[PDB]
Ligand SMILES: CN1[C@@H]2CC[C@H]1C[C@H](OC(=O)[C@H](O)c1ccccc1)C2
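Listed next as structure tokens is one chain, alone, in the form solved without the named molecule.
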């Protein structure tokens, strides 16, 4: 009747009710709650500060701006990934440190429901919380769903490699949002003692990063990485970040005399100017010319990450929470290459062209030139059919970006004594772009529709697709509840232990063993030549 009003640490918020078919209790939704001070002016390239408190009742019933980003690419990704019947257009702003809350709890009664905090993907460059409607997951599984934003691109990841601009601002924003959830979620019927972080692609990489960061201690109790981990190398910069910083500075019209001079100049630029610079840098496509070894992202900054992910894994001081790590069958099948304008159009590929392409693909796969013939031969050499070569080439890219890093992370996590689970998702959603070939199954992002209940929001899902979403949401929420996805009515999902059991999720969901085992061996041996 009366819209719901909730006390938070910094003031009161007003949300709205939305009913979902099948559920008598409306879900209370609060959109655009700030969890930090807007990072404007001198606060650019600094850690997020607490939000300033507000008087009276803040109206939390409209979607916030998305963090500044290429609007064309951001809109396109939102349209492709949204679980909503209609994509919600968003404004851009630097003032973007907001989260959205979907709580199925009757807030007039006592509730301490599991909380699931969603970290969106988009390469650390694009993306928005508001793409993901929490309504269906929250109602079907009785969990509080929180979708967060974090600074993107230059704003989120500009690093001088030193104390004048350490980097990882967007990850610090993710931490700040988690701190806010600890301090406030009980007011929305959530249990701050049961917080599950989950995310896809760059969001899954962020989750994996958080598992490795001391700054995230006591902020979550389970984790889920979907199609991205901290060994997804395209997102993690090792070695010297100064040349990139200088390139950004120069492109923005700034001198490079010192790091502090660069950062000061960049802090005087307008949002418009930094977006112009962003677009000039071409951050989500491959460089046409010159050395492939010459992207923005996560760095080893000394505050969030003290050493490389590989070193932190070997040390097992990371957070040994229950962790679910998964991939999709064909991660490089359609969506990623299409969004990147990846330079492969023909539908066939000879081996010479494959080798040159894999070198030009260095930013994505990080494969040294001397290793390229041996890698290309492994995947493509067994067949003289150039169509088949092309499909195997897409498998090559997927395995290096996603499957191999995911299994290495899951193995290290298990070996530290943490409960670990894996999956491979193999289904082609009806919600796919009708420009995607009918034969691409388990593309990057295809699991999103199941996790977020798209069959309950969008039109056209088959009986099988409806049931697949129910099953997936239930596994995810059981994992949030118990650190173990299993429950009555659901296929058995083995623990990822020394037998390396994992779940093959799709139309016929069943357990299997030793996901990507032969691929991990191949690549690990190759990279150690």
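Positions refer to the first chain, counted from 1.
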* Structure fact -> In the entry, residues of the deposited sequence missing between residue 294 and residue 295 amount to 1 to 3
* To do: Using the B-factors recorded in the PDB entry, average over the C-alpha atoms of 307-315 and of 136-144, then report which stretch comes out higher.
  => 307-315
* With respect to the recorded C-alpha B factors, which stretch has the higher mean value, 179-187 or 276-284? -> 276-284
* To do: For the C-alpha B-factor as written in the entry, point me to the maximum among 122, 204, 381, 453.
  => 381
* Selection from 164, 352, 72, 411 [criterion: highest C-alpha temperature factor in the record] -> 352
* Structure fact -> residue 471: C-alpha B-factor third of its chain, per the entry, is the lowest
* residue 269, C-alpha B-factor rank within chain (lowest, middle or highest third) -> lowest
* Structure fact -> So, residue 237's CA B-factor, relative to its chain, sits in which third? The middle
* To do: Would you mind checking where the Cα B-factor of residue 290 ranks among the modelled residues of its chain, as the lowest, middle or highest third?
  => highest
* Lowest, middle or highest third - CA B-factor, residue 498 -> highest
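The same protein also exists as the form solved in complex with the named molecule; that form is not shown, yet it is the one meant from here on.
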* The unique member of 437, 290, 253, 382 whose heavy atoms fall within 4.5 Å of the named molecule in the deposited bound form -> 437
* Sort through 345, 108, 270, 218 and report the residue having a heavy atom within 4.5 Å of the named molecule in the deposited bound form. => 345
* Please determine, with the chain shown alone, which of 208-216, 410-418, 181-189, 328-336 has non-hydrogen atoms within 4.5 Å of the named molecule in the deposited bound form. => 328-336
* Asked: Just to confirm, residue 390 within 4.5 Å of the named molecule in the deposited bound form by heavy atoms?
  -> yes
* Answer yes if any heavy atom of residue 266 is within 4.5 Å of a heavy atom of the named molecule in the deposited bound form; otherwise answer no. => no
* Quick one: is residue 394 in contact with the named molecule in the deposited bound form, heavy atoms, 4.5 Å cut-off? -> yes
